[PDB]
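Okay, so we've got a single protein chain in two different forms coming up as structure tokens, structure 1 first and structure 2 after it.
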Structure 1
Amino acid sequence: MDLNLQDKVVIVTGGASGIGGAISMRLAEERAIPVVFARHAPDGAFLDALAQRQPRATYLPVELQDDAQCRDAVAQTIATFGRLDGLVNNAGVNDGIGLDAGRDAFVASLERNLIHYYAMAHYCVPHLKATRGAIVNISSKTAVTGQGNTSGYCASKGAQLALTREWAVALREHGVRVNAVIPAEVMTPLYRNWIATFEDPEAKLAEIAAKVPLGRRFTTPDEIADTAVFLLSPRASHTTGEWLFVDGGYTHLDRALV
């Protein structure tokens, strides 16, 4: 299936590892031009692989919580390419800020998660209009299921779903589609590192995986990326405002199944 993404310029936030890295790599494979915005430099191996598929792919160091850096990085991207065709809002962290944590911790969580999705759309949308481009917001099942000690991240991820509907309405006349992908349990190096802090990492991984209905396994970053890149493409030309769950049945299938 030709996604018609050749030479389309797409910014991917947190685009050098995990879900974001898989999205950047998939974009390169579809002959698009991914532009990675991330705090820390990508691995050499990642950059080598990306450049091999798409020599024009770029990486810009960006602290997304710094509004001026978002502004300037988008400006640099437009200066380089003259156009923007997509934005994937993906950077985030489940920072475990519960009800008990208080205002400052809650607001800091909104800065880490929610506020830069808005900032990035704010700076990208004026350019997406010209190309009838697209936005994909990566959210989390926690936006609708809860988790229990993560008010900051939950609030952020839910606001991202709401903003997906809002921006779809706002941009309908410009032909700019806005959709979300909702993962549940996705195996990434960061998740693997977190699991490694447990007494028995293999048992902890198995305990989490056991609850995923389809195959009792984690979703892969590639699985998230395939749906996200489909949504960026005109193959999804009448899909806007939607929340696509790519989660092995985690959110919607009977909790009682084993």
Structure 2
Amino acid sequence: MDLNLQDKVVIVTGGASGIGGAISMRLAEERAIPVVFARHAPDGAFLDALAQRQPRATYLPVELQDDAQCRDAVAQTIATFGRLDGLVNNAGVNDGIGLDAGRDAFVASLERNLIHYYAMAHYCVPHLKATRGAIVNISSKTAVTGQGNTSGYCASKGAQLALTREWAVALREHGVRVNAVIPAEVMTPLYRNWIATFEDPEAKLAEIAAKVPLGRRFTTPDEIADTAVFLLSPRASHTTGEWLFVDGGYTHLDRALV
């Protein structure tokens, strides 16, 4: 299936690790031009693989919590490529800021997750209008299921779903589509670090995997990526405002199944 993304310029925040890395790699495979915005330099093998698929792919160092850095990096992207066709808001961290944490920690979680999705859309939208481009926001099933001890992240992830509907409304007349992908359990460096905070990470991981209805296994980054890239493409040309769950049945199927 031709996605007609050849030579389309797409910013992917957190685009060199986990889900974001898989999105960048799939974009490159489709001959789109992924532009990774991330705070740490990507690994060399990842950069090699990206460039082999699409030699124009690139990386810009950006701490997304710095509004000026987002501003300047979008500007640099336009200066370098002359257009912007997509934005994937993806950087995030399940930071375990619960009800006991207090205001300052809760707000810091909003900064780490929610506020840069807005900032990036704010700077990207004028350019997306020019190309009738698209936005994909990566949320989390915790936006609708909860988890415990993670008010900051949950709030952020739910806000991201609301913003998906709001931006779809706001940008409809410009032909800019805005959608979200909702993963549940995906093995990534983030998941590795999160599970490591538990008393018994090996047992806990096995416990969780056993609860995923389809295959009793975690979703892969490539599975999230392929739905995300489909949503960026004109194959989804009448899909906007939508929240696509790619989760092995985690969110919606009977909790009682084994």
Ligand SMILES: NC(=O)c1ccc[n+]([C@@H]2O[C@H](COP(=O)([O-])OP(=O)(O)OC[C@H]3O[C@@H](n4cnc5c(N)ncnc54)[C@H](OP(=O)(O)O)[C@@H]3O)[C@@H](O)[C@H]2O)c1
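Take the two forms, superpose them, and find the largest set of C-alpha atoms that agree within 1.5 Å; that set is the rigid core. Residues that one form lacks are left out of the comparison. By convention here, residues take numbers in order along the sequence of structure 1, the first being 1.
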In this pair, it is the form deposited with this ligand bound that is given as structure 2
Candidates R56, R216, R192, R39; compared between structures 1 and 2 on the rigid core, the one with a C-alpha shift of 2 angstroms or more is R192
Expressed in angstrom, the C-alpha movement of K204 between structures 1 and 2 on a rigid core superposition is 2.8
Cα of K8, core superposed, displaced between structures 1 and 2 by (Å) 0.1
Counting only common residues, the segments between structures 1 and 2 where three or more consecutive C-alphas all move by 2 Å or more on the rigid core are 192-205
